[PDB]
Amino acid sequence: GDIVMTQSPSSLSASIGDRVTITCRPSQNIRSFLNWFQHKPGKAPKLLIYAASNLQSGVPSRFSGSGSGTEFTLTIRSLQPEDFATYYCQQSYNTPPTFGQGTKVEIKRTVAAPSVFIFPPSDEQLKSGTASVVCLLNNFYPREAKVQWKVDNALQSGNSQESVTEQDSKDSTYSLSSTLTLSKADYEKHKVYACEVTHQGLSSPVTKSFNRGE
């Protein structure tokens, strides 16, 4: 892997309709032996631009490639939500083929408040000695959120885990889960289980709570 492919930037955020440019620089002259790939979460990487400037079948004309030698550019005119992806350049001049480190393109959109839901442990799971309490934050922007668990009005720590989806290809939001895990014994020595959510889209923190057994 001797021809090093350096992309710039490594990540960017832009609004719908913006013009986006990604730069790729090989460690040596590769003439026009340069391809651009698009990689969306869970999908097969897709060849968008072949040999520096040739748009591939079915790819929207808002994508274009330019450059030669040691400087190459991928341009996305009029960025769309479905263009959320990681973009790679790849040189075909020397063996082995090598890829750039990738450029993650995120979509800037307006602030969106999360809708918050809480799920007490199921009886089946309790029948096994473990209680998982799940707090859900649905379709929000920006990505930054604070989720605090409160058990009988006592701030918890060290017993929850968070997961965040990749950006949605249609509405450009994120979703988040916070999962509080307790043994059935610890779970039964308390009554009030509350999820407190702070986010730029909420004017005040939103709390969803339940009483065990209700």
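Residue numbers here begin at 1 and follow the sequence given.
**Student:** Which has higher Cα B-factors on average according to the PDB entry: 191-199 or 20-28?
**Tutor:** The stretch with the larger average C-alpha B-factor is 191-199.
**Student:** Mean CA B-factor: is it higher for 59-67 or for 44-52?
**Tutor:** So the stretch with the higher mean C-alpha B-factor is 59-67.
**Student:** Per the coordinate record, which of the options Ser163, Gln167, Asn159, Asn35 holds the highest CA temperature factor?
**Tutor:** Within the set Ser163, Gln167, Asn159, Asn35, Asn159 shows the top C-alpha B-factor.
**Student:** So among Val116, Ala112, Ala85, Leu126, who wins on Cα B-factor in the entry?
**Tutor:** So the option with the highest C-alpha B-factor is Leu126.
**Student:** Using the B-factor values recorded in the entry, state whether the Cα atom of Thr6 falls in the lowest, middle or highest third among the modelled residues of its chain.
**Tutor:** As the PDB entry reports it, the C-alpha B-factor of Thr6 lands in the middle third of its chain.
**Student:** Sorting the chain's CA B-factors, does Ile107 end up in the lowest, middle or highest third?
**Tutor:** Middle third - that is where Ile107 ends up once the chain's C-alpha B-factors are sorted.
**Student:** Divide the modelled residues of the chain into thirds by Cα B-factor and specify which third, lowest, middle or highest, holds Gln80.
**Tutor:** For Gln80, whose C-alpha B-factor we compare with every modelled residue in the chain, the answer is the lowest third.
**Student:** Can you work out whether the C-alpha temperature factor of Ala131 puts it in the lowest, middle or highest third of the chain?
**Tutor:** Answer is highest: the recorded C-alpha B-factor places it there.
**Student:** Could you tell me which third, lowest, middle or highest, the C-alpha B-factor of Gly100 occupies within its chain?
**Tutor:** Its C-alpha B-factor belongs to the lowest third of this chain's values.
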